[PDB]
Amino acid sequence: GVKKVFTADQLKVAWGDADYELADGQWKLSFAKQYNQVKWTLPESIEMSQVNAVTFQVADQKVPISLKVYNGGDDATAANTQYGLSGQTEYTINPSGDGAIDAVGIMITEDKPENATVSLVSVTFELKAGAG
């Protein structure tokens, strides 16, 4: 029930081959090629077993997006990734597995992007009931 919310200005870019800039309080992203993406580090890691849901809030979405919750590996696991999401300003991933969530990411799967842009507003971690 407890929610840890990070707005865009609290998320630092760890890696990204997309184009990104923090402007007007949002991470504004532009993608030029298939699988271009950004990875952000969390200010503090959160144990995976404590998290019920991770909700990404976006704005000005002009391309379907893929969302990732990392738990310490070189990439997010398939169970912690959702692909081709469109039509909402908030998307929820219910993650599972071991270790701690250290990062999140946004990626595109479109093979020939054109005017492929989106803004990240915030990422929210809702903890399981009784997880403190």
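Note that residue numbering begins at 1 and tracks the sequence as displayed.
Going by the mean C-alpha B-factor recorded in the entry, which is higher: 59-67 or 73-81? Taking the mean B-factor of the alpha carbons in each, 73-81 is higher.
Of 84-92 and 42-50, which one has the bigger average CA B-factor? Averaging CA B-factors over each stretch, the winner is 42-50.
In terms of recorded Cα temperature factor, pick the maximum from 29, 107, 104, 100. Spelled out: the listed residue with the top C-alpha B-factor is 100.
Comparing residue 117 with the other modelled residues of its chain, is its CA B-factor in the lowest, middle or highest third? Its C-alpha B-factor belongs to the middle third of this chain's values.
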